[PDB]
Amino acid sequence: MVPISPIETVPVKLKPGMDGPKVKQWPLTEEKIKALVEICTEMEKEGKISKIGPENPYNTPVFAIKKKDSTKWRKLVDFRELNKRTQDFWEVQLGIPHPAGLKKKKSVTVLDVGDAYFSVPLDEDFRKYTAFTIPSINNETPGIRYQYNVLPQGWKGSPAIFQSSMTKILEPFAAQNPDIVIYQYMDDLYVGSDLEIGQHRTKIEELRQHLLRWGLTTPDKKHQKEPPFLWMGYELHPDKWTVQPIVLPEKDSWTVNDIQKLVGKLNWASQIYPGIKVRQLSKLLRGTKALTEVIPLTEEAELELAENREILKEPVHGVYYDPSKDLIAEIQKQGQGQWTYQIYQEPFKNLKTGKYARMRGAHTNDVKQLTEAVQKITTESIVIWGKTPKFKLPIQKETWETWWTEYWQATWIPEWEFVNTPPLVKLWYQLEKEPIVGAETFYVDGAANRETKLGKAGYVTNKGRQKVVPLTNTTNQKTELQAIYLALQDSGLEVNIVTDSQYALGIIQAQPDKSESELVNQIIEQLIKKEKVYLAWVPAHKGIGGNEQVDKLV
């Protein structure tokens, strides 16, 4: 007898003000009972459970379920009530590693623990709260009582305690073996090293003995799992990673759930397969509650999907992260508020890829979207590699300079360089900060009757030029935008425009290159065509001379 160290139990409480589960034990068939009695018998023999007396008020229902209609039966206990009534644990399964963040190893091995798991004892004072009863045959006898001495399978607090304990155990062995690396997921431990393979095998052996010291049984034979590993949607080789292969379904009738699963597969494959376009398909899913309704593929969706299936034609591999080399992210504009990025170390070997869709605004510009994408990639890169990448961006230094210097908001991008890979991101117009000498002065106004939705838009100038246009089915904001649009249409290459609209000014100081409103876009095109434009504001109804409320208030 070589002594094994005890595993410290984790104190557990029920949610305050509440108590444990009470549920009437469901009647079974004689068969199910006869199976469960044997199962619980040998479990009791192994120490996973124990027989208890009538003193325990708590009963959780126990079910029998045949395993694949074989000669074996298996126990299934429904803990949902206890889980509802049990406290919260800090769940350290928060997040999972991303393969791109890992460093390659010459050797990697899996150690399954389905043994050590039940070597982890439950808190003694909490044991009475897990209690199940096996109904005897015919109910002619008092049912058999049982309680858990270890972490039950499917209890709310099992994973956290399991992982905390396991970590506590692995702690010094990791510390005194700095030349290897370990990661724990579910029932599997993952060890890796750059050691010569024999040394690796003996290291794994040493780990197995180390777990044996706490009385944790390890397979004692060769493990059936070797690289590649299928893990959480990934195919993991020691020198490379990818996603478990993505194949786009060919169907004539595309339903809502079809495009749901399609955007799932695409958003999942986007991290590696570069240039995946989710836009048109996602737009077809907007506002659709019913999963059974077939929604016709737009002609903009088909040629997108045709590029998608030509992306997934031949698979591509991601590499691992080498801390000795620079970290770089490159961005491209795909148009339509979509951006595609690739994070790599050496050219054309990508650590990973990705995409960014614009936030939903009324208006927006390229530069803002580029900035937002940069922030996204930054945060992602801090999560994964722990540092901020070097950016290669489709924007001239000068453009960025003008933008951030003149922009009303504070804005920043980390260290970056201009890559010339069209389409380039640019500023489409720039408003003068001073009134233009020699340029005609257009005083514009618009107004609308709120009751009849009728109104007018127009302008008067210093050169005598005037216009007023009637508008039906329109609003004050609309008429006041239309006024400016008119002043832009009818004016030469340089123009000064006075407006009383805080709204129009509010829109134009946001410098959008695109908008939901075709009117605003028309104005944008107009500005783009212009040489110099000075937009000036005055308060309404203060009788500012030249601002004419009399023509459009009729």
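The numbering used is simple: start at 1 and walk along the sequence shown.
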Between the two ranges 292-300 and 325-333, the one averaging a larger CA B factor in the entry:
292-300
Should the higher mean CA B-factor in the entry be assigned to 523-531 or to 491-499?
523-531
Out of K313, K168, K426, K349, residue topping the C-alpha B-factor column of the entry
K313
Residue, from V10, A536, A540, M18, that the PDB entry assigns the highest Cα B-factor:
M18
Among the modelled residues of its chain, the C-alpha B-factor of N149 falls in the third labelled middle
Tertile call for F118 (CA temperature factor, within chain, third-based) is the highest
Compare the C-alpha B factor of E451 with those of the other modelled residues in its chain, then answer lowest, middle or highest third.
middle
Using the B-factor values recorded in the entry, state whether the Cα atom of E42 falls in the lowest, middle or highest third among the modelled residues of its chain.
highest
Going by the recorded CA B-factors, say which third of the chain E432 sits in, lowest, middle or highest.
lowest
